[PDB]
Amino acid sequence: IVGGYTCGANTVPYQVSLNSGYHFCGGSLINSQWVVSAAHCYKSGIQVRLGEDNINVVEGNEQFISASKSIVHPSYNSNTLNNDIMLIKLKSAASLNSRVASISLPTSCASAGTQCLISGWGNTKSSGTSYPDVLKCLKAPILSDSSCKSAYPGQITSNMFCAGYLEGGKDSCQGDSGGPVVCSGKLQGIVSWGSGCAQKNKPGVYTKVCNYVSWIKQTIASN
Ligand SMILES: [Ca+2]
């Protein structure tokens with residue numbers, strides 16, 4: 001996250017880190033056995049880390065649970081990043097309290113202008129590299145479909161939305177991928193892509209979760 005703020009330990013209790021020897025993507029906990037992330041985060045050898053604040057220090061709230069099954073969306077296209085969403089089933093159910101908690105799925109698609117919270121352990125610089133040890137947070141609005149399509153002509157599908165600032169300076173970034181965009185207490189987006197980070201006229205693009213609720217609910221019910 002570029003231009004954001006230190007969230008505070010366990011203020012984002014649905015946030016997960018996906019770890020394959022090191023942190024490589026975020027995710028969101030949607031119930032005690034399932035995590036949602038980006039299909040472009042797919043890897044074998046995934047451990048899910050819950051209740052994390054500092055990813056380099058075991059502080060006490062953490063649960064580390066291996067994945068038993070991964071399900072990339074059946075129509076995911078790695079060239080266009082259309083349908084950039086994946087589900088990960090945990091080997092055992094997480095213990096849910098106040099510092100590990102699930103986030104609800106939306107029942108409606110959120111409007112342009114809605115303020116959302118984005119979080120992750122990704123790069124904090126628009127030029128160069130600095131990865132934080134603690135979770136960063138960013139408040140950003142959803143942009144209109146027309147401003148999104150003008151920032152990225154011919155690249156935005158009905159399964160994506162833009163959020164952030166056209167003036168640049170504040171954005172998600174590499175290493176935030178797969179992580180949550182939460183608006184009005186629901187998971188509306190998944191960190192997906194963008195051109196660099198926090199560049200003028202190049203806001204972040206997110207998977208539009210409201211389009212996938214049926215697939216998610218049916219998949220969870222059957223696996
Ligand atoms: Ca930790």
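Start at 1 and go down the list; that is how both ligands and their atoms are numbered. Nothing fancy with the numbering, it's 1 onward along the sequence. Atoms considered below: every heavy atom in the structure, side chains included; atoms not considered: hydrogens, waters and symmetry mates.
- Residue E52: an N/O/S atom is found under 3.0 Å from the Ca ion (ligand 1).
- Atom CD of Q174 sits in a sparse spot, with 12 or fewer heavy atoms from other residues, nucleotides or ligands closer than 6.0 Å.
- The Ca ion (ligand 1) lies at 3.0 Å or more from every N, O or S atom belonging to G51.
- Among the heteroatoms counted here (N, O or S) of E62, OE2 is the one nearest to the Ca ion (ligand 1).
- By the 6.0 Å and 45° rule, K43 stacks over the aromatic ring of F24.
- The Ca ion (ligand 1) has no N, O or S atom of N56 under 3.0 Å away, backbone or side chain.
- Taking the centre and axis of the six-membered ring of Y165, the NZ or CZ atom of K170 falls inside the cone set by 45° and 6.0 Å.
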Working note: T157 + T80, criterion side chain to side chain contact (heavy atoms under 4.5 Å, CB included); need CA distance, chi angles, decisive distance, verdict.
CA-CA 9 Å; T157 69; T80 63; 5.6 Å; no
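- Among the atoms of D53, no N, O or S atom is found under 3.0 Å from the Ca ion (ligand 1).
- The ring of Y152 has its center closer than 6.0 angstrom to the ring center of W193.
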